[PDB]
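In my numbering, the protein residues as written are 696 to 875. The beta carbon of each residue, even a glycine, is placed where N, CA and C say it ideally should be. Structure, as C-alpha cells:
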C-alpha cells in the first residue's frame with residue numbers, strides 16, 4: 696500500500712480564504728479550550744497532565760505564533776483540498792477573564808454534496824497521515840496503515856466527522872461551497 700495524497704502544492708489561496716483559514720484555526724482553539732476547561736483544566740505556565748494544567752488556555756491573541764501554526768496549516772490545507780477538487784468558496788479580553796466561545800454547529804445542516812465532500816477530505820487526510828509516517832519507515836507498527844476503504848468503520852466515522860465539522864464551520868462563517 697502506497698498512499699497517494701492530493702497534490703496541493705500548486706493551489707494558491709486568495710486573501711479571503713486565508714482569512715477564513717485563520718478564523719477556522721481560531722475556532723478550533725476555542726473548541727479545544729471549552730472542552731478541557733469543562734474537564735477541569737486551568738492555565739499554568741508549565742503543563743501537567745495529571746493535575747490538568749496547560750499554558751495555551753489563553754485568549755487566541757495571546758498565544759505564541761508558533762503555537763498557532765499547526766491549526767492554521769491544517770485549516771489552510773483543508774481549504775486547498777476543497778479548492779483542488781474544483782469547489783468555489785464564496786460569501787455569502789484579559790487573560791484572567793477568558794471564557795472560550797466556540798461556534799455552535801449543532802444546527803448547521805449539510806447538503807449531501809458537502810457530506811460526500813467531507814468524506815473525500817477525511818480520505819485524503821488519512822492519506823497524508825500514512826505517507827508522512829510510511830515515509831519515515833512505518834509499516835502495517837500501526838494497523839491503520841491501510842487503504843481508507845479497508846479501515847474499520849470505527850475510525851472512518853471519526854475522520855469523517857472531523858472534516859464534516861470543518862465544512863460546517865465554513866458554512867456558519869457565511870461561506871458557500873459549490874461545485875465548478
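Compute the Euclidean distance between the alpha carbons of residue i and residue j, then round it to the nearest angstrom.
{"i": "residue 857", "j": "residue 817", "result": "8 Å"}
{"i": "residue 801", "j": "residue 774", "result": "22 Å"}
{"i": "residue 761", "j": "residue 767", "result": "10 Å"}
{"i": "residue 845", "j": "residue 821", "result": "12 Å"}
{"i": "residue 842", "j": "residue 769", "result": "22 Å"}
{"i": "residue 834", "j": "residue 811", "result": "29 Å"}
{"i": "residue 782", "j": "residue 790", "result": "39 Å"}
{"i": "residue 807", "j": "residue 874", "result": "12 Å"}
{"i": "residue 696", "j": "residue 848", "result": "19 Å"}
{"i": "residue 778", "j": "residue 836", "result": "34 Å"}
{"i": "residue 831", "j": "residue 711", "result": "35 Å"}
Cutting at 7 Å between CB atoms, please list the residues of its own chain near residue i, excluding the five before and the five after it.
{"i": "residue 850", "result": "839"}
{"i": "residue 797", "result": "722, 725, 726, 729"}
{"i": "residue 764", "result": "none"}
{"i": "residue 855", "result": "813, 814, 817"}
Look at residue i and residue j and say whether their C-beta atoms are less than 8 Å apart.
{"i": "residue 741", "j": "residue 750", "result": "yes"}
{"i": "residue 819", "j": "residue 859", "result": "no"}
{"i": "residue 803", "j": "residue 866", "result": "yes"}
{"i": "residue 716", "j": "residue 708", "result": "yes"}
Since I believe residue j is in contact with residue i (beta carbons under 8 Å), could you give me their beta-carbon distance rounded to a whole number of angstroms?
{"i": "residue 780", "j": "residue 872", "result": "About 10 Å separates the two Cβ atoms, so there is no contact after all."}
{"i": "residue 737", "j": "residue 758", "result": "No, residue 737 and residue 758 are not in contact; Cβ-Cβ is about 16 Å, not under 8 Å."}
{"i": "residue 829", "j": "residue 698", "result": "6 Å"}
{"i": "residue 805", "j": "residue 862", "result": "6 Å"}
{"i": "residue 732", "j": "residue 795", "result": "7 Å"}
For residue i, I'd like the list of residues in its chain whose CB is within less than 8 Å of its CB, leaving aside the five on either flank, ordered along the chain.
{"i": "residue 869", "result": "786, 787"}
{"i": "residue 748", "result": "736, 737, 738, 739, 741, 742"}
{"i": "residue 734", "result": "747"}
When the cut-off is 8 Å and only beta carbons count, does residue i lie next to chain B?
{"i": "residue 760", "result": "The structure shown contains no chain B; it is built from a single protein chain."}
Taking C-alpha atoms, which residue in the options lies nearest to residue i?
{"i": "residue 853", "options": "794, 813, 792, 761", "result": "813"}
{"i": "residue 702", "options": "713, 789, 718, 826", "result": "826"}
{"i": "residue 719", "options": "788, 799, 793, 743", "result": "799"}
{"i": "residue 864", "options": "696, 784, 756, 847", "result": "784"}
{"i": "residue 756", "options": "832, 848, 793", "result": "793"}
For residue i, I'd like the list of residues in its chain whose CB is within less than 6 Å of its CB, leaving aside the five on either flank, ordered along the chain.
{"i": "residue 772", "result": "none"}
{"i": "residue 788", "result": "754"}
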